[PDB]
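Source file: run.cif; contents: mmCIF, C-alpha atoms.
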```
data_target
loop_
_atom_site.label_atom_id
_atom_site.label_comp_id
_atom_site.auth_asym_id
_atom_site.auth_seq_id
_atom_site.Cartn_x
_atom_site.Cartn_y
_atom_site.Cartn_z
CA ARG A 17 34.41 -74.17 -145.01
CA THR A 18 32.75 -72.23 -147.86
CA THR A 19 30.43 -75.10 -148.78
CA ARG A 20 27.80 -76.45 -146.39
CA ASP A 21 24.92 -78.65 -147.51
CA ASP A 22 23.70 -79.80 -144.07
CA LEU A 23 20.01 -79.73 -145.04
CA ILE A 24 20.49 -81.62 -148.31
CA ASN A 25 22.81 -84.21 -146.71
CA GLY A 26 20.92 -84.42 -143.44
CA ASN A 27 18.94 -87.41 -142.18
CA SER A 28 15.22 -86.73 -141.85
CA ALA A 29 15.22 -89.18 -138.94
CA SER A 30 17.61 -86.92 -137.04
CA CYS A 31 16.63 -83.36 -137.87
CA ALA A 32 18.43 -80.44 -136.26
CA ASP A 33 16.30 -78.07 -134.16
CA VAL A 34 17.53 -75.06 -136.13
CA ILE A 35 18.10 -74.76 -139.88
CA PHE A 36 20.02 -71.78 -141.29
CA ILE A 37 19.71 -71.00 -145.02
CA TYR A 38 22.21 -68.47 -146.34
CA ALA A 39 22.82 -66.79 -149.70
CA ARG A 40 26.31 -65.51 -150.57
CA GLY A 41 27.26 -62.31 -152.37
CA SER A 42 28.27 -61.72 -155.97
CA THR A 43 31.23 -63.72 -157.31
CA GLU A 44 31.71 -65.48 -153.95
CA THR A 45 32.85 -69.09 -153.67
CA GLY A 46 31.22 -72.29 -152.42
CA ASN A 47 27.70 -71.63 -151.22
CA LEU A 48 28.60 -69.57 -148.12
CA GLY A 49 31.19 -67.12 -149.47
CA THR A 50 33.11 -64.79 -147.14
CA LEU A 51 30.60 -64.13 -144.33
CA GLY A 52 28.68 -67.39 -144.09
CA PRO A 53 31.39 -69.49 -142.35
CA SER A 54 31.76 -66.95 -139.50
CA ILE A 55 28.04 -66.96 -138.83
CA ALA A 56 27.97 -70.75 -139.03
CA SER A 57 30.75 -71.32 -136.47
CA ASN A 58 28.98 -69.12 -133.91
CA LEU A 59 25.61 -70.81 -134.48
CA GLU A 60 27.31 -74.19 -133.95
CA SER A 61 28.79 -72.93 -130.68
CA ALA A 62 25.37 -71.85 -129.45
CA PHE A 63 23.33 -74.87 -130.58
CA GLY A 64 25.96 -77.59 -130.94
CA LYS A 65 27.05 -79.28 -134.18
CA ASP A 66 24.07 -81.64 -134.15
CA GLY A 67 21.76 -78.81 -133.09
CA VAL A 68 21.96 -76.68 -136.21
CA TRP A 69 22.07 -77.39 -139.92
CA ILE A 70 23.94 -74.87 -142.10
CA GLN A 71 22.76 -74.74 -145.72
CA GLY A 72 24.09 -72.39 -148.38
CA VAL A 73 22.13 -71.59 -151.50
CA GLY A 74 23.99 -73.27 -154.36
CA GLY A 75 22.58 -75.07 -157.38
CA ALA A 76 21.13 -72.53 -159.82
CA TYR A 77 22.34 -69.55 -157.77
CA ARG A 78 25.55 -68.59 -159.62
CA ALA A 79 25.90 -65.25 -157.77
CA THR A 80 26.46 -63.48 -161.11
CA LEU A 81 27.33 -59.79 -160.63
CA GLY A 82 25.18 -58.66 -163.55
CA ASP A 83 22.03 -60.13 -162.02
CA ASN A 84 22.03 -57.32 -159.43
CA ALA A 85 20.45 -55.22 -162.20
CA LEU A 86 17.45 -57.51 -162.75
CA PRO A 87 14.03 -56.31 -161.41
CA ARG A 88 14.27 -58.16 -158.09
CA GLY A 89 18.02 -57.75 -157.69
CA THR A 90 18.74 -61.35 -158.69
CA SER A 91 17.58 -63.95 -161.24
CA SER A 92 14.31 -65.87 -161.31
CA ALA A 93 16.30 -69.11 -161.32
CA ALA A 94 18.07 -68.12 -158.10
CA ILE A 95 14.78 -67.30 -156.33
CA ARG A 96 13.39 -70.70 -157.38
CA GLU A 97 16.49 -72.37 -155.88
CA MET A 98 16.19 -70.66 -152.50
CA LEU A 99 12.41 -71.23 -152.38
CA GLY A 100 13.12 -74.89 -153.03
CA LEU A 101 15.47 -75.03 -150.05
CA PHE A 102 12.91 -73.47 -147.68
CA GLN A 103 10.39 -75.99 -149.02
CA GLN A 104 12.84 -78.87 -148.48
CA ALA A 105 13.44 -77.71 -144.90
CA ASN A 106 9.72 -77.54 -144.19
CA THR A 107 9.16 -81.05 -145.58
CA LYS A 108 12.25 -82.78 -144.19
CA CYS A 109 12.07 -81.18 -140.71
CA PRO A 110 8.63 -79.71 -140.00
CA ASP A 111 9.46 -78.90 -136.35
CA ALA A 112 12.72 -77.07 -136.95
CA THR A 113 12.93 -73.31 -136.39
CA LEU A 114 14.33 -71.59 -139.49
CA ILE A 115 16.67 -68.61 -139.70
CA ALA A 116 18.04 -66.98 -142.84
CA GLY A 117 20.56 -64.53 -144.13
CA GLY A 118 22.16 -63.07 -147.20
CA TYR A 119 24.88 -60.69 -148.27
CA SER A 120 24.70 -58.24 -151.16
CA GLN A 121 22.92 -60.02 -154.08
CA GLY A 122 22.27 -62.79 -151.56
CA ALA A 123 20.37 -60.29 -149.36
CA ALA A 124 18.14 -59.33 -152.33
CA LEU A 125 17.71 -63.05 -153.05
CA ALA A 126 16.77 -63.72 -149.41
CA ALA A 127 14.26 -60.83 -149.47
CA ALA A 128 12.69 -61.91 -152.79
CA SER A 129 12.43 -65.56 -151.72
CA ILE A 130 10.88 -64.72 -148.36
CA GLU A 131 8.40 -62.39 -150.03
CA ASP A 132 7.25 -65.20 -152.40
CA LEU A 133 7.23 -67.96 -149.79
CA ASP A 134 4.03 -69.65 -148.66
CA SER A 135 3.13 -67.79 -145.45
CA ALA A 136 3.06 -71.01 -143.39
CA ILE A 137 6.78 -71.55 -144.10
CA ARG A 138 7.73 -67.85 -143.95
CA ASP A 139 6.18 -67.71 -140.47
CA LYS A 140 8.70 -70.34 -139.31
CA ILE A 141 11.70 -68.05 -140.06
CA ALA A 142 12.41 -66.67 -136.59
CA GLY A 143 14.96 -64.11 -137.76
CA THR A 144 16.72 -62.94 -140.92
CA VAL A 145 19.98 -61.00 -141.20
CA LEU A 146 20.85 -58.97 -144.31
CA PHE A 147 24.31 -57.47 -144.97
CA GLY A 148 24.84 -54.80 -147.65
CA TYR A 149 21.17 -55.09 -148.57
CA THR A 150 20.89 -54.00 -152.22
CA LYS A 151 17.18 -53.22 -151.95
CA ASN A 152 17.50 -51.40 -148.63
CA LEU A 153 16.27 -48.02 -149.87
CA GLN A 154 13.68 -49.41 -152.28
CA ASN A 155 12.14 -51.63 -149.58
CA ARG A 156 12.59 -49.05 -146.81
CA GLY A 157 14.79 -51.43 -144.82
CA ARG A 158 12.18 -54.20 -144.77
CA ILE A 159 11.56 -57.58 -146.37
CA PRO A 160 8.06 -57.48 -147.95
CA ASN A 161 5.45 -59.52 -145.99
CA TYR A 162 7.93 -60.15 -143.18
CA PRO A 163 7.92 -58.50 -139.72
CA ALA A 164 10.36 -55.72 -138.91
CA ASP A 165 11.08 -57.19 -135.48
CA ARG A 166 12.44 -60.40 -137.04
CA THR A 167 14.62 -58.50 -139.49
CA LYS A 168 18.10 -57.06 -138.89
CA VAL A 169 19.82 -55.04 -141.59
CA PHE A 170 23.55 -54.26 -141.52
CA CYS A 171 24.18 -51.40 -143.94
CA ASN A 172 27.49 -49.54 -143.55
CA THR A 173 27.73 -45.79 -144.02
CA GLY A 174 29.30 -45.37 -147.45
CA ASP A 175 27.98 -48.70 -148.79
CA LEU A 176 26.24 -47.27 -151.85
CA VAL A 177 24.10 -50.34 -152.49
CA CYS A 178 22.19 -49.47 -149.30
CA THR A 179 21.33 -46.09 -150.64
CA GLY A 180 19.70 -46.99 -153.96
CA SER A 181 22.65 -47.54 -156.27
CA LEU A 182 24.60 -50.49 -157.61
CA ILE A 183 28.06 -49.00 -157.21
CA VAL A 184 30.42 -51.24 -155.22
CA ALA A 185 32.64 -49.28 -152.80
CA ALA A 186 35.00 -50.32 -149.97
CA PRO A 187 32.42 -50.26 -147.13
CA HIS A 188 30.56 -53.05 -149.00
CA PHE A 189 33.35 -55.43 -147.98
CA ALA A 190 33.45 -54.36 -144.34
CA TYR A 191 30.85 -56.67 -142.80
CA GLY A 192 33.33 -59.10 -141.21
CA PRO A 193 32.87 -57.80 -137.59
CA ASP A 194 29.07 -57.91 -137.97
CA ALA A 195 29.13 -61.53 -139.19
CA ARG A 196 31.34 -62.50 -136.21
CA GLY A 197 29.26 -60.82 -133.52
CA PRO A 198 25.94 -58.94 -133.84
CA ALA A 199 24.49 -61.00 -136.70
CA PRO A 200 24.78 -64.41 -134.97
CA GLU A 201 23.87 -62.69 -131.67
CA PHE A 202 20.58 -61.52 -133.22
CA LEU A 203 19.84 -64.92 -134.81
CA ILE A 204 20.50 -66.78 -131.54
CA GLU A 205 18.31 -64.36 -129.59
CA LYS A 206 15.43 -64.71 -132.06
CA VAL A 207 15.61 -68.51 -131.98
CA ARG A 208 15.71 -68.60 -128.17
CA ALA A 209 12.80 -66.13 -127.99
CA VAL A 210 10.52 -68.73 -129.58
CA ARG A 211 12.18 -72.03 -128.68
CA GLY A 212 13.07 -71.00 -125.17
CA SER A 213 16.16 -72.67 -123.80
#
```
Kindly transcribe the structure held in the file into structure tokens.
Amino acid sequence: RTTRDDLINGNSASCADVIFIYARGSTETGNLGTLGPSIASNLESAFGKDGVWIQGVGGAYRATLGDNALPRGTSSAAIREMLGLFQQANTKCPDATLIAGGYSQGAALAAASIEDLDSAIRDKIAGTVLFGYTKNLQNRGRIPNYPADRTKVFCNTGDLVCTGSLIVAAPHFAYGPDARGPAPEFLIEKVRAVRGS
């Protein structure tokens, strides 16, 4: 449901081919929040339950609303947590293709983590999806040090966080359809582009 720790719980002897690491939005529950489960179900349909590991960013990431105001759009502790998960994935399953995503503060967290990641691991992330990207204007719709072709940003018209502010308006909560269709569609396509079929 809202909590998935497939990477942490997973057996190194039976690694999935695809590992998805996702960061929830502010004040959301579990480690997947409102959008994560929808993406997860569709990834499982495409790759099979044993084919993909779903891992939310929990631990030190409290998804505290106020942290949106910090320099990187989230806390240092949260970035360390997500970096640690990418590092665990790389160590536990060196041959798995990685994919990532984040919503709202989670999108800033995903961008900050990916920017700080060792390039060898970052290069294994075949595609990243960002919803209501809080640093969209500041980063010109990109994740620093990460290719534009592997990035997909979903920023609704009227979602003020996509236009340089931290005001939360109704369009910020209208990413449901994207999480159910185009976001997993993009992730699946990017994984198949490099893994083949």
Selection result of the PyMOL selection byres ((chain A and resi 131) around 8) on this file, as a PyMOL selection string: chain A and resi 127-130+132-133+159-162
Within 10 Å of segment 55-65 of chain A using only C-alpha atoms, minus same-chain residues under 4 positions, as a PDB file with C-alpha atoms, in the frame of the given file:
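The result, stored in part_31.pdb:
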```
ATOM      1  CA  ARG A  17      34.410 -74.170-145.010  1.00  0.00           C
ATOM      2  CA  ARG A  20      27.800 -76.450-146.390  1.00  0.00           C
ATOM      3  CA  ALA A  32      18.430 -80.440-136.260  1.00  0.00           C
ATOM      4  CA  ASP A  33      16.300 -78.070-134.160  1.00  0.00           C
ATOM      5  CA  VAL A  34      17.530 -75.060-136.130  1.00  0.00           C
ATOM      6  CA  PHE A  36      20.020 -71.780-141.290  1.00  0.00           C
ATOM      7  CA  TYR A  38      22.210 -68.470-146.340  1.00  0.00           C
ATOM      8  CA  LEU A  48      28.600 -69.570-148.120  1.00  0.00           C
ATOM      9  CA  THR A  50      33.110 -64.790-147.140  1.00  0.00           C
ATOM     10  CA  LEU A  51      30.600 -64.130-144.330  1.00  0.00           C
ATOM     11  CA  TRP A  69      22.070 -77.390-139.920  1.00  0.00           C
ATOM     12  CA  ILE A  70      23.940 -74.870-142.100  1.00  0.00           C
ATOM     13  CA  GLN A  71      22.760 -74.740-145.720  1.00  0.00           C
ATOM     14  CA  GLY A 117      20.560 -64.530-144.130  1.00  0.00           C
ATOM     15  CA  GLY A 192      33.330 -59.100-141.210  1.00  0.00           C
ATOM     16  CA  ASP A 194      29.070 -57.910-137.970  1.00  0.00           C
ATOM     17  CA  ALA A 195      29.130 -61.530-139.190  1.00  0.00           C
ATOM     18  CA  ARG A 196      31.340 -62.500-136.210  1.00  0.00           C
ATOM     19  CA  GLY A 197      29.260 -60.820-133.520  1.00  0.00           C
ATOM     20  CA  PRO A 198      25.940 -58.940-133.840  1.00  0.00           C
ATOM     21  CA  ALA A 199      24.490 -61.000-136.700  1.00  0.00           C
ATOM     22  CA  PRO A 200      24.780 -64.410-134.970  1.00  0.00           C
ATOM     23  CA  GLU A 201      23.870 -62.690-131.670  1.00  0.00           C
ATOM     24  CA  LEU A 203      19.840 -64.920-134.810  1.00  0.00           C
ATOM     25  CA  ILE A 204      20.500 -66.780-131.540  1.00  0.00           C
TER      26      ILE A 204
END
```
Selection near segment 148-157 of chain A, 9 Å with only C-alpha atoms, sequence-local residues under 4 positions removed, as a VMD selection string: chain A and resid 84 88 to 89 118 to 124 127 164 167 to 172 175 to 182 187 to 189 191
Selection export as a compact mmCIF listing (two decimals), in the frame of the given file, atoms kept: C-alpha atoms:
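Result file result_30.txt:
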```txt
# COMPACT_ATOMS: atom_id res chain seq x y z
CA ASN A 84 22.03 -57.32 -159.43
CA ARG A 88 14.27 -58.16 -158.09
CA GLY A 89 18.02 -57.75 -157.69
CA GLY A 118 22.16 -63.07 -147.20
CA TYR A 119 24.88 -60.69 -148.27
CA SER A 120 24.70 -58.24 -151.16
CA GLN A 121 22.92 -60.02 -154.08
CA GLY A 122 22.27 -62.79 -151.56
CA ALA A 123 20.37 -60.29 -149.36
CA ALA A 124 18.14 -59.33 -152.33
CA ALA A 127 14.26 -60.83 -149.47
CA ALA A 164 10.36 -55.72 -138.91
CA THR A 167 14.62 -58.50 -139.49
CA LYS A 168 18.10 -57.06 -138.89
CA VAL A 169 19.82 -55.04 -141.59
CA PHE A 170 23.55 -54.26 -141.52
CA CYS A 171 24.18 -51.40 -143.94
CA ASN A 172 27.49 -49.54 -143.55
CA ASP A 175 27.98 -48.70 -148.79
CA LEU A 176 26.24 -47.27 -151.85
CA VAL A 177 24.10 -50.34 -152.49
CA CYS A 178 22.19 -49.47 -149.30
CA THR A 179 21.33 -46.09 -150.64
CA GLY A 180 19.70 -46.99 -153.96
CA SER A 181 22.65 -47.54 -156.27
CA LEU A 182 24.60 -50.49 -157.61
CA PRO A 187 32.42 -50.26 -147.13
CA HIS A 188 30.56 -53.05 -149.00
CA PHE A 189 33.35 -55.43 -147.98
CA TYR A 191 30.85 -56.67 -142.80
```
Atom-to-atom span, atom CA of residue 39 of chain A and atom CA of residue 99 of chain A, Å: 11.6 Å
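For the pair atom CA of residue 202 of chain A and atom CA of residue 101 of chain A, the interatomic distance is 22.2 Å.
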Best match for closeness to residue 138 of chain A among A:166, A:78, A:108, A:158, counting all atoms listed in the file: A:166
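For the pair atom CA of residue 205 of chain A and atom CA of residue 35 of chain A, the separation is 14.6 Å.
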Residues selected by the PyMOL selection byres ((chain A and resi 79) around 7), written as number ranges by chain: A: 41-44, 77-78, 80-81
Adding 3 Å on each side of the box along x, y and z that holds all listed atoms of segment 84-96 of chain A, could you give its centre and edge lengths in Å to one decimal, as JSON?
```
{"center_x": 17.7, "center_y": -63.0, "center_z": -159.5, "size_x": 14.6, "size_y": 21.5, "size_z": 12.4}
```
Non-local contacts of residue 47 of chain A (6 Å; all atoms listed in the file; under 6 positions in same chain excluded) as a list in words: residues 19, 72, 73 and 74 of chain A
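Remark: for residue 97 of chain A, the closest of the candidate residues A:53, A:37, A:110, A:137 is A:37 (distances computed over all atoms listed in the file).
Ranking A:135, A:40, A:146, A:206 by their shortest atom-to-atom distance to residue 94 of chain A, with all atoms listed in the file included, puts A:40 first.
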Of the listed residues A:141, A:183, A:27, A:75, that which approaches residue 163 of chain A most closely, counting only C-alpha atoms: A:141
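In terms of minimum interatomic distance to residue 104 of chain A, A:23 ranks closest within A:209, A:136, A:85, A:23, counting all atoms listed in the file.
Closest approach to residue 46 of chain A from the set A:126, A:82, A:21, A:68 is made by A:21, with distances taken over all atoms listed in the file.
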